[PDB]
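Here the structure comes first, spelled out in structure tokens, and everything after it is commentary.
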Amino acid sequence: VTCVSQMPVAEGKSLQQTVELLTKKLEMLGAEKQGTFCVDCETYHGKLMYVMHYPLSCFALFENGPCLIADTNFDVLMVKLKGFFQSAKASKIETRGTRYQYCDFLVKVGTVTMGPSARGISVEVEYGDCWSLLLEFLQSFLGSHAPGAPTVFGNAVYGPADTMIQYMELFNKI
Amino acid sequence: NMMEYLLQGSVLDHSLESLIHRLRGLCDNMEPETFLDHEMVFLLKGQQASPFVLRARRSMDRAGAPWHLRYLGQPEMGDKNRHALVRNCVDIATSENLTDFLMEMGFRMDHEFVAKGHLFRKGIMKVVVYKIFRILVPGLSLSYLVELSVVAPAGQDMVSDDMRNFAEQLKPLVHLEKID
Amino acid sequence: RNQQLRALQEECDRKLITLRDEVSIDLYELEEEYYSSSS
Amino acid sequence: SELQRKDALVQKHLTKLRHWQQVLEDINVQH
Amino acid sequence: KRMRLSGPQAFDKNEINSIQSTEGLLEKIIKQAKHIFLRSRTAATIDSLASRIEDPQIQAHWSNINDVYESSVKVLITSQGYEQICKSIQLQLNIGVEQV
Amino acid sequence: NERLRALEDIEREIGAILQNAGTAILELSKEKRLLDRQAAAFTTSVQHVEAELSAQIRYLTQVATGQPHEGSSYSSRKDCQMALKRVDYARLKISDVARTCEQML
């Protein structure tokens, strides 16, 4: 279902220009503006915050997606433990970007936050496995990439909103 | 960002049916119902002798509904000529993922007793009643404690006076009291 | 009383559906009959 | 023969509707 | 119920909007229209008699369970005096705002 | 209907025979049977009636602030009548269809 994101393998020019070329290729494929989203990140010495689609925020050091409430429910907990668990170091980079839809799918590319950051892309699926066919789409998008590495052998099944943990892997690339 | 009020009380055992009959026709449209809960009170402390409000008492009814805990502690000053009031919050969580993360964060339990009861939808407020049940670890007060729960943002807090009007309704064997 | 009148409509509703059912049969029983006419 | 069969089917449907209305003429219990 | 149960699942903005909806005239604004739309299809039936007398006729078979708005109609050619020619039995479903 | 029956019984016993039996022995100035029964029913019956009245008065007293003690207050009994109307209109339509059939055959 929720396919994992991928690092921006394409790196031959300006990151902004690279994202622009990727979006131009996507438009050449043929899509429509489905809005713009973001992916936040806040580390606390290591609970890593997150936000995606979208009326719900998430934060987890190592858990199977314990988030089912809005940021307010979580931000209040953080503010309450201002000296107990508040270990907010230098603000972790957070990406953003528009999202388009070729056909019956969704695409989303990321952006840099401080400037020397990545601009990776993320895609998902609509089935419940089936990692083979979804790769073909990316074959039409770029060259060899997207190793995936999902939580295989679980279907704790279908990885519902657990892909944010995979998003943490993208945060590891720094 | 939000606060909650309470005018809790208690009543005798035999004197419930006559009571709840009146309580039904107070601010509820129709179709009175009930709920069986489950107490999952936790404990998160060890550095300042001041734990958090981890009383994750959630219903054990039909699945799908997610268990969670609410914030209720540190009664702040104010409430001039008013009843109990505390700046609080609420937090929903995934099914059993909350307990998972609590155990992974190094927390323990607090209670193992469940108190089912009845609910009744007031207007801007809500009222509940329950009774502790004596059960073992694998399974007590003999008194149905009732309460007037209402949560809202800062606003004007004038509705508390309206809450006092409900106190007028709970005349026979119900009153308000704090805890110390 | 509400519950009482609930039954009063409930079975009635079913009856209507039953009617529909019968009507449906009658419906079908005439549809093929409509085919026969070679006008 | 076709006209006879059509008339027979019509009469059958008429009798069915007659029976149906007659049995639930007093579907309402009371008032 | 739905608002609180939303949290456990990352519903799309579409579902968030679908939590609520419109009401009143709008509903009827479709419904009655839908009704008369079926009426148009009704004409088709008698139009059959107009379109083909000696030519291949058309059989009619409508649904036995019709939802609030949508419904469907089964219609086959049914060439006369034969049943081994059932090679065109088309199925259509009616639409309120749009066409069938 | 317990309270209704109790109120009906209290109303029937309010005008009991005690108020009318206080003028029976005074007329018996020629023979003095169980006439003493005309004495015990002088004030004990009235006292018991007053006690029962006070007890009935000290009921739940539902009406405290607004409009409590509801119980009809509610749903589609109206739409149940509308469903009966549907039944009637279906009857009318079936009768019309039968008349049309009879006219056609």
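Residues in the structure tokens are numbered from 1 in each chain, the chains being A, B, ... in the order shown, and ligands are numbered from 1 in the order shown.
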
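Within segment 12-45 of chain F, DSSP run on the backbone puts these residues in helix (DSSP H, G or I): residues 12, 13, 14, 21, 22, 23, 37, 38, 39, 40, 44 and 45 of chain F.
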
Checklist entry - Using only C-alpha atoms, which chain B residues lie at most 9 Å away from chain A, written as a VMD selection string? => result chain B and resid 1 47 66 71 89 to 98 100 to 101 104

Residues from last step as file, C-alpha atoms, as a PDB file, in the first residue's frame:
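Listed below is the output, result-v8.pdb:
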ATOM      1  CA  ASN B   1      -5.420  25.895  25.162  1.00  0.00           C
ATOM      2  CA  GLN B  47      12.653  12.293  38.830  1.00  0.00           C
ATOM      3  CA  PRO B  66      -9.263   3.554  19.844  1.00  0.00           C
ATOM      4  CA  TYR B  71      -4.670  15.178  30.513  1.00  0.00           C
ATOM      5  CA  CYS B  89      -6.025  18.653  27.266  1.00  0.00           C
ATOM      6  CA  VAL B  90      -6.837  15.400  25.470  1.00  0.00           C
ATOM      7  CA  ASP B  91      -4.926  12.950  23.289  1.00  0.00           C
ATOM      8  CA  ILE B  92      -6.160  10.091  21.106  1.00  0.00           C
ATOM      9  CA  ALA B  93      -3.922   7.177  20.168  1.00  0.00           C
ATOM     10  CA  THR B  94      -3.764   4.098  17.947  1.00  0.00           C
ATOM     11  CA  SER B  95      -5.083   0.705  19.026  1.00  0.00           C
ATOM     12  CA  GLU B  96      -2.728  -0.653  21.716  1.00  0.00           C
ATOM     13  CA  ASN B  97       0.126   1.338  20.162  1.00  0.00           C
ATOM     14  CA  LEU B  98      -0.118   3.767  23.084  1.00  0.00           C
ATOM     15  CA  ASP B 100       3.355  -0.236  23.299  1.00  0.00           C
ATOM     16  CA  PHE B 101       5.142   3.122  23.241  1.00  0.00           C
ATOM     17  CA  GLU B 104       9.044   1.071  25.261  1.00  0.00           C
TER      18      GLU B 104
END

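Here atom CA of residue 119 of chain A is placed at a distance of 9.4 Å from atom CA of residue 10 of chain A.
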
Item to check | Interface, chain D side, toward chain F (10 Å; only C-alpha atoms) as a PyMOL selection string | outcome: chain D and resi 7+10-11+13-15+17-18+20-22+24-25+27-28

Mind writing the picked residues with N, CA and C atoms as a JSON list (two decimals), in the first residue's frame?
[["chain", "number", "residue", "atom", "x", "y", "z"],
["D", 7, "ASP", "N", -54.63, -12.90, -22.17],
["D", 7, "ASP", "CA", -55.80, -12.68, -21.33],
["D", 7, "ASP", "C", -55.72, -13.51, -20.05],
["D", 10, "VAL", "N", -53.27, -11.87, -17.75],
["D", 10, "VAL", "CA", -53.86, -10.65, -17.20],
["D", 10, "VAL", "C", -54.83, -11.00, -16.08],
["D", 11, "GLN", "N", -55.65, -12.02, -16.30],
["D", 11, "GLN", "CA", -56.61, -12.43, -15.27],
["D", 11, "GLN", "C", -55.89, -12.96, -14.03],
["D", 13, "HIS", "N", -52.86, -12.06, -12.98],
["D", 13, "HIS", "CA", -52.31, -10.90, -12.28],
["D", 13, "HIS", "C", -53.40, -10.12, -11.56],
["D", 14, "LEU", "N", -54.58, -10.00, -12.16],
["D", 14, "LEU", "CA", -55.70, -9.30, -11.55],
["D", 14, "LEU", "C", -56.14, -10.01, -10.28],
["D", 15, "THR", "N", -56.28, -11.34, -10.35],
["D", 15, "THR", "CA", -56.66, -12.11, -9.17],
["D", 15, "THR", "C", -55.60, -11.99, -8.08],
["D", 17, "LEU", "N", -53.51, -9.42, -7.55],
["D", 17, "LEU", "CA", -53.62, -8.10, -6.95],
["D", 17, "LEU", "C", -54.85, -7.99, -6.06],
["D", 18, "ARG", "N", -55.95, -8.61, -6.48],
["D", 18, "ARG", "CA", -57.18, -8.62, -5.70],
["D", 18, "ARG", "C", -56.95, -9.30, -4.36],
["D", 20, "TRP", "N", -54.11, -9.76, -2.87],
["D", 20, "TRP", "CA", -53.13, -8.99, -2.11],
["D", 20, "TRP", "C", -53.77, -7.81, -1.40],
["D", 21, "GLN", "N", -54.64, -7.08, -2.09],
["D", 21, "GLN", "CA", -55.29, -5.94, -1.45],
["D", 21, "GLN", "C", -56.31, -6.43, -0.41],
["D", 22, "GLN", "N", -56.97, -7.55, -0.69],
["D", 22, "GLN", "CA", -58.00, -8.04, 0.23],
["D", 22, "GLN", "C", -57.40, -8.52, 1.55],
["D", 24, "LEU", "N", -54.59, -7.49, 3.06],
["D", 24, "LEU", "CA", -54.05, -6.42, 3.90],
["D", 24, "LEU", "C", -54.89, -5.15, 3.83],
["D", 25, "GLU", "N", -56.17, -5.29, 3.50],
["D", 25, "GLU", "CA", -57.14, -4.21, 3.66],
["D", 25, "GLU", "C", -57.08, -3.59, 5.05],
["D", 27, "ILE", "N", -54.43, -3.86, 7.27],
["D", 27, "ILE", "CA", -53.04, -4.03, 7.70],
["D", 27, "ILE", "C", -52.80, -3.27, 9.00],
["D", 28, "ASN", "N", -53.40, -2.09, 9.12],
["D", 28, "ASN", "CA", -53.29, -1.32, 10.35],
["D", 28, "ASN", "C", -53.99, -2.04, 11.50]]

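Every protein, DNA or RNA residue with an atom at most 8 Å from segment 12-26 of chain F, where only C-alpha atoms count and chain neighbours fewer than 4 positions away do not, is listed here: residues 8, 35, 38, 41, 42, 45, 46 and 49 of chain F.
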
Sort by chain and increasing residue number a table of all residues of chain E within 12 Å of chain B, each with its closest pair of atoms and their distance in Å to one decimal, counting only C-alpha atoms, and write it as a tab-separated table.
residue	atom	partner	partner_atom	distance
E:1	CA	B:65	CA	9.3
E:2	CA	B:65	CA	10.6
E:3	CA	B:65	CA	12.0
E:4	CA	B:92	CA	8.6
E:5	CA	B:65	CA	7.1
E:6	CA	B:65	CA	10.6
E:7	CA	B:92	CA	7.7
E:8	CA	B:94	CA	5.9
E:9	CA	B:94	CA	9.1
E:10	CA	B:94	CA	11.7

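Residues of chain C having any atom within 9 Å of chain D, counting only C-alpha atoms, are residues 8, 9, 12, 15, 19, 22, 23, 26, 29, 30, 33, 34, 36 and 37 of chain C.
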
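Picture a line from atom CA of residue 147 of chain A to atom CA of residue 32 of chain A; it runs 27.2 Å.
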
Can you list every residue of chain E that has an atom at most 9 Å from chain C, with its nearest atom pair and the distance in Å to one decimal, using only C-alpha atoms, ordered by chain then number, as a tab-separated table?
residue	atom	partner	partner_atom	distance
E:49	CA	C:39	CA	7.9
E:53	CA	C:39	CA	6.1
E:54	CA	C:39	CA	8.0
E:57	CA	C:35	CA	8.1
E:58	CA	C:35	CA	7.7
E:59	CA	C:35	CA	6.1
E:60	CA	C:31	CA	6.5
E:61	CA	C:31	CA	6.6
E:62	CA	C:28	CA	8.7
E:63	CA	C:24	CA	8.7
E:64	CA	C:24	CA	6.0
E:78	CA	C:35	CA	8.7
E:80	CA	C:38	CA	8.7
